[PDB]
Amino acid sequence: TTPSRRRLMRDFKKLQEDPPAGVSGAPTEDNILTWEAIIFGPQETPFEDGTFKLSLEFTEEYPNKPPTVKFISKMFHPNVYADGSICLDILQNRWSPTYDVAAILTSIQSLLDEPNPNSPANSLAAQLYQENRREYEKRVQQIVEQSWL
């Protein structure tokens, strides 16, 4: 194996060991460089109940370069793109070789609850999160519903 693979296996061991609440994840049988994870919509939030499927794409540069994360499930969020791509603080400009999958997974879970307004990937979602949070929760409910797909 390469530095990358070994690290990811260690990262898996930890996640396995003591998993964060409502967060799950494991790599795919072919190439440990591709994973599938599950984030449960944090309690007491419009994303509550929904069960989200995500994929993490790693390079052989891990942990030096972070992976890219996408929502497999249908998503509606000020910081999520049309193809499910997540725009996240620690995933870009603020990444640390120290961070691990559990960490990455935990952060996305929180972003759900607290989207950062700074230049949204989905202007419509932002428009509502701001102007009308009434229909915002309305649309998310629609996604929280999709998850069970």
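Each remark here, short or long, concerns the structure printed above.
The text that follows walks through the structure, step by step, so that each part is easy to find. (Residues numbered from 1 in each chain as written, not as in the entry; some residues may be left out. Heavy atoms only, no water. Residues with missing side-chain atoms left out of burial classes, pairs and counts.)

So, the packing of aromatic side chains
No. 1: One pass over the full model with this rule turns up nine aromatic pairs.
No. 2: Ring geometry for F76 and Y136: centres 6.2 Å apart, planes at 40°, overall tilted. With a gap of 60 residues between them, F76 in the loop between strand 4 (68–71) and helix 2 (101–113) and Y136 in helix 4 (residues 133–146) connect regions that are remote in the sequence.
No. 3: Following the ring pairs from residue to residue traces out a cluster consisting of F12, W35, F58, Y62, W95 and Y99. (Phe/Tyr/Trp six-rings, centres within 6.5 Å; stacked < 30°, edge-to-face > 60°. Helix = DSSP H or I, 4+ residues; strand = E, 2+ residues; numbered from the N terminus.)

Some points on the pairing of strand 2 (residues 34–40)
Sheet faces and side chains relate simply in a regular strand, where the side chains alternate between the two faces.
No. 1: Bridging between strand 1 (residues 23–27) and strand 2 involves five bridges; their strand directions are antiparallel. Across the sheet, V23 pairs through a bridge with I39, a residue of strand 2.
No. 2: The antiparallel pairing of strand 1 with strand 2 creates a hairpin that spans six residues between the two strands, and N31 there sits at a positive phi of about 50°.
No. 3: The pairing of strand 2 with strand 3 (residues 51–57) spans seven bridges and is classified as antiparallel. Within strand 3, the residue paired with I38 across the bridge is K53. (Pairing = 2+ DSSP bridges.)

Describing the pairing of strand 3
No. 1: Of the two faces of strand 3, only the one carrying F52, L54 and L56 is buried; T51, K53, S55 and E57 on the other face are not.
No. 2: Here four bridges tie strand 3 to strand 4, and the two strands are oriented antiparallel to one another. Within strand 4, the residue paired with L54 across the bridge is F71. (Buried < 20%, exposed > 50% of the residue type's maximum accessible area, 1.4 Å probe, protein only.)

Structural notes on the side chain of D100
No. 1: When you line up the elements, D100 lands in the loop between strand 4 and helix 2.
No. 2: Here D100 occupies a buried position and makes no salt bridge, while the nearest side chain of opposite charge, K14, is found at 4.1 Å.
No. 3: Look past the residues within four positions of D100 in its chain and what remains in contact with it is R7, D11, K14 and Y62. (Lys, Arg positive; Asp, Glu negative; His and termini not counted. Salt bridge = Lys/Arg side-chain N within 4 Å of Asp/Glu carboxyl O. Contact = heavy atoms within 4.5 Å.)

Digging into the sheet that holds strand 4
No. 1: Across the sheet, four strands lie side by side as 1-2-3-4; this open sheet has antiparallel pairing. The strands lining the two open edges of the sheet, one partner per strand, are strand 1 and strand 4. When strand polarity is set aside, the average angle formed by the axes of neighbouring strands in this sheet is 20°.
No. 2: Across the sheet, helix 2 touches strand 1, strand 2, strand 3 and strand 4, and the angle it forms with strand 2 is around 40°. (Axes fitted to C-alpha atoms, helices over the stretch in contact; angles between N-to-C directions.)

Focus: the side chain of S4
No. 1: With respect to the element layout, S4 can be found in helix 1 (residues 3–17).
No. 2: Apart from the residues within four sequence positions on either side, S4 is in contact with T59, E60, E61 and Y62.

Here's the deal with the packing of helix 1 against helix 2
No. 1: Running from N to C, helix 1 and helix 2 point in directions that differ by 60°, and their axes come no closer than 8 Å. On the basis of their axis angle, the class for helix 1 and helix 2 is oblique. Residue-level inspection shows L8, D11 and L15 of helix 1 in contact with helix 2, the latter providing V101, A102 and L105.
No. 2: Its residues placed into classes, the contact of helix 1 with helix 2 shows five nonpolar, no polar and one charged. (Parallel < 35°, antiparallel > 145°, perpendicular 65-115°, else oblique. Nonpolar A, V, L, I, M, F, W, Y, C, P; charged D, E, K, R; others polar.)

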